[PDB]
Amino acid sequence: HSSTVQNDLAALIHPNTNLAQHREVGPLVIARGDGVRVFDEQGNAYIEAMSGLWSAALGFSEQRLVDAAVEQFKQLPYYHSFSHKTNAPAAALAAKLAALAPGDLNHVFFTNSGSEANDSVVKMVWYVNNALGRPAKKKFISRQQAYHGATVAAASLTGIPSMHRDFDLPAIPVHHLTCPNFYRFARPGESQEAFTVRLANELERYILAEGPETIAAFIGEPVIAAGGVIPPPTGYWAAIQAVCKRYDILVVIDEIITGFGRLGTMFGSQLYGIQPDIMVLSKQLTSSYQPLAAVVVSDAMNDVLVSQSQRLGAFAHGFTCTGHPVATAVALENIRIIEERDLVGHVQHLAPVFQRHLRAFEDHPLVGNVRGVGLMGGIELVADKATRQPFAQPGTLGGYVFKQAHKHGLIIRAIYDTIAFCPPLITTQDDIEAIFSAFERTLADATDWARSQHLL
């Protein structure tokens, strides 16, 4: 027990942690960062194959981000954006994001987190529809296994059952479509194109049952990340958009994870041909070196927001650190770096090698499914490959892989019994070989451990 461990154990409530287990096993203290690696307090190295929380695009020791922070700290360490006040980095970053975003996504509202951002979206949509004299048009459509944040509103949009348990969620009008997961929900011999068609029919039937005039918006990640790295089936996004367009339902695309090159395009929306009305960004926006998120909205949306100020006085919504000069300065440098080094290009060239390494595990006895796009992938472990069936208590094996991978210098994320990989954009071919080498040893240990636990 070091000073940090004693302090942690006394006083710190951990997010997304088994708080009871935590009292027994205690924390793992991370002390230092170096490229795609982080080091614990004892000096052990770990390849961070998840970029932290899908977030650390430029790795854990990019000096240029520190420099951008330092530069801005010396000018103006803090000011707000209320009552017409602004600062240069926020304004520049707004314009940058307006330019990068497809279509007429040209207006930016800043928050600290993805959660706050999605919460802001819910409020904006309600506000807009009230302004347009459509009081009934307020319901959001999401999907099972979606993740959209942790505030009451955002977590309501979230569709992972464990994130709702005992939190009285959803607490706002939300309907969750089935998870677009071909491996799990496709019928025998059904094509992806046919699955897409059923998924789109599911959406349309729901709209018609509820009444289109009651449905304001659809929200979705291009690829479902925290829900188990589930890429969409072929044609999914074109079908979903066509239905939304037919019934005047806003399309809200959550690129909190997919944004800034993760899928081999700057935004996942480009890869899947999505034209959002609203796009939400965070994480790789700053490599999480600073808390920042952005809501980008259409000119149409913005026009309604503005027309509301005409009759209501002010847009009565904001956070203290909305537009923080340091956080936005860091985002600007982060984006400069991604463009200048063509890291989107790098991902396109690295993706096939990353995916090939993933696919290598298809024929493993424990592996039921492998899936991935760009530089994000998942390996789902199952009890029986024939019946694609999960384990007695899902997450037992994944939980073990998560712990055991540490002993081989690897940090991954277990989503129940799916192992997730989302390495930094600066990952090299050599880093990939190191990751999967370490994972192969972990999976060997797991194969042993699973037999002695009589799980298979």
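When you see a residue number, it is the position in the sequence shown, counting from 1.
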item: Of 357-365 and 150-158, the one with larger mean CA B-factor; value: 357-365
item: Selected stretch [higher average CA B-factor]: 189-197 or 315-323; value: 189-197
item: Highest recorded Cα temperature factor - choice among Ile253, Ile207, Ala99, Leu281; value: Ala99
item: Which of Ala217, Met376, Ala383, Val174 ranks first by CA B-factor in the deposited coordinates; value: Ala383
item: Ranked against its chain, the third holding the CA B-factor of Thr286; value: lowest
item: Record-listed C-alpha B factor of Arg64: chain third; value: middle
item: CA B-factor ranking of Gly264, expressed as a third of its chain; value: highest
item: Record-listed C-alpha B factor of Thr428: chain third; value: middle
item: Among modelled residues of the same chain, the CA temperature factor third for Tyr247; value: middle
